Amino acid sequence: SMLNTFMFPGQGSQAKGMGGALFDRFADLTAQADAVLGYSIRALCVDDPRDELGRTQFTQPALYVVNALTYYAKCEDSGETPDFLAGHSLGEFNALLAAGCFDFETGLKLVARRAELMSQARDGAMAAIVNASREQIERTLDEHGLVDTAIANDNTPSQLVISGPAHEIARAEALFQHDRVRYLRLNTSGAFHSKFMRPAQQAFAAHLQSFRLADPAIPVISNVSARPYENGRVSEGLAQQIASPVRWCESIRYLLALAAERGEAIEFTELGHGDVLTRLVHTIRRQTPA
């Protein structure tokens, strides 16, 4: 165990029932979140009456608040403090929160703007590919004229996400179903973490200029660079994140190599609903000869 990394999940990990009793435990944070958002965060999470959890403008605030509350529960009960922080796209906001870069309300405000803009993207899609390398994927996409489709998530060596125009993502299905290679269409109307997000990114960077973001008090591994957020480049890193691939595998691997250089062991604590990142980290570690 030894050095501890707190990690926060993103889109896809949400599920009706998430949060639970944490909402009333943190009754004041919860009321702060309803006032920022203009609806009940607890209702959206526990009950989900309009089946809203899967639409990105709601998914994102849901994740953030659940990740945060789980993080506060963990801090209080366990007593532990992170030596390192990383979050997966949305989850990066909770990493920056735990590094003291903004307060709870301010992150939620950033998230709501992020989530609103990303929701405006029409005509894109994403699909997760299992058991092809990056090189197989990129070649295959080239060979079949999927010109606007690229890697959006590099999650583990055998698990990557693509995004592009909906029809390209649709045509890809046929290209990634064979031998071990598998394909899964995801839920979204946006080609997230690709060039289609550029307008959201710029709109989001502009919104960010209204907020004074502190340098991290605990290292946060940035999705864009797979390296620690620089002092002074927080808003920079945060904004670039949106149109860039999420370099999850490399971020984890950077932590594994850092622990080793320091002769220390390293563990990963997933803070939020589900075990999505827990399973990614096991797979990464199993690969990555040691």
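Start at 1 and count along the sequence shown; that's the residue number.
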Between 222-230 and 238-246 (mean CA B-factor, as deposited), the higher
238-246
Going by the entry, of stretches 43-51 and 64-72 the one with greater average Cα B-factor is 43-51
So among 84, 176, 204, 102, who wins on Cα B-factor in the entry?
176
Whose C-alpha has the highest temperature factor in the PDB entry: 158, 153, 94, 89?
158
Chain third (lowest, middle, highest) by recorded CA B-factor, residue given as residue 5:
lowest
How does the C-alpha B factor of residue 258 compare with the rest of the chain: lowest, middle or highest third?
highest
Consider only the C-alpha atoms of the modelled residues in this chain, order them by B-factor as the entry records it, and name the third containing residue 185: lowest, middle or highest.
highest
Ranked against its chain, the third holding the CA B-factor of residue 36
middle
Residue 128 by Cα B-factor - lowest, middle or highest third of the modelled chain
middle
